[PDB]
Amino acid sequence: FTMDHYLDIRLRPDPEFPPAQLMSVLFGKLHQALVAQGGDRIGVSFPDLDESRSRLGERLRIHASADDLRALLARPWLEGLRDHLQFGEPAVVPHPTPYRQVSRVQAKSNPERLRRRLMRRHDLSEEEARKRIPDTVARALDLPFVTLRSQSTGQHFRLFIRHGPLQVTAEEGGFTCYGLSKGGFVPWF
RNA sequence: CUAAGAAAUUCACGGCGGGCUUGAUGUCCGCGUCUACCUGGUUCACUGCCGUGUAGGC
């Protein structure tokens, strides 16, 4: 009733398995696919496949109702792989209630950028640009890693995804997707 | 209840100096070292509508 279709993809094993890079190419091809389609009406999740909360799953599930799904990256609208997945076909969802959330976050682990932005913003001096308020004392960080090289005009990002409150508490009908490529309230298993 | 039981050695010095080891020599001949490999599980990156304001953006 929220977005009632799912694709239980299973990335097969392969003697080349950089998971950051496999999910990088997959999420990047998905980015290309949905910016070619166009629309803030799509869902993406990652079911309970992260055993620890360090790794990330070897699976995926896309949540678009009928038309965006069948027209977007699917059996039509080429993936360009069709061999490394051998995936299936979607169908209607059951009735769970884990409160349905996923999230994107990014942190700061390179104060060179911040000091350079200070130097650029109002022509800061080197001594204060060195000790006004960097975070040289401690380097923040985030656990779940995916690489996702730049869509264009850039270089290797390192994107972080935190599963939101997945509590068996309630449910609500909210927006379709936040960010750009990531649904909002999404059914979870 | 110890062949027990005890015990101040203490003082100084000129080893001196001289010298031909000499000549000579043929190491001399060989040699199959092979064979196959994923550096990949990682580059926390230039910005900026930013909030320098530790959450905030592709």
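## Digging into the UniProt feature "active site" in chain A
According to UniProt, the positions carrying the feature "active site" are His31. Tracing the sequence through the fold places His31 in helix 1 (residues 19–37).

## Quick notes on helix 1
Given a rise of 1.5 Å per residue, 19 residues ought to cover 27 Å, and the 26 Å separating the end C-alpha atoms of helix 1 matches this to within 8%. Just downstream of helix 1 lies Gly38, where phi reads positive at about 85°.

## Describing the pairing of strand 6 (residues 159–162)
Relative to strand 6, strand 4 (residues 103–105) is paired through three bridges, and the arrangement is antiparallel. Bridge pairing in strand 6 places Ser103 opposite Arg162. Bridge analysis of strand 5 (residues 145–146) against strand 6 gives two bridges, and the strand direction is antiparallel. Residue pairing across strands places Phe145 opposite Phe160, the latter belonging to strand 6.

The rules we used
Residues numbered from 1 in each chain as written, not as in the entry; some residues may be left out. Chains lettered and ligands numbered in written order. Part of a larger assembly, values for the part shown. Heavy atoms only, no water. Residues with missing side-chain atoms left out of burial classes, pairs and counts. UniProt positions renumbered as here; feature names shortened; annotations may be inferred. Helix = DSSP H or I, 4+ residues; strand = E, 2+ residues; numbered from the N terminus. Expected span 1.5 Å × (residues − 1). Pairing = 2+ DSSP bridges.

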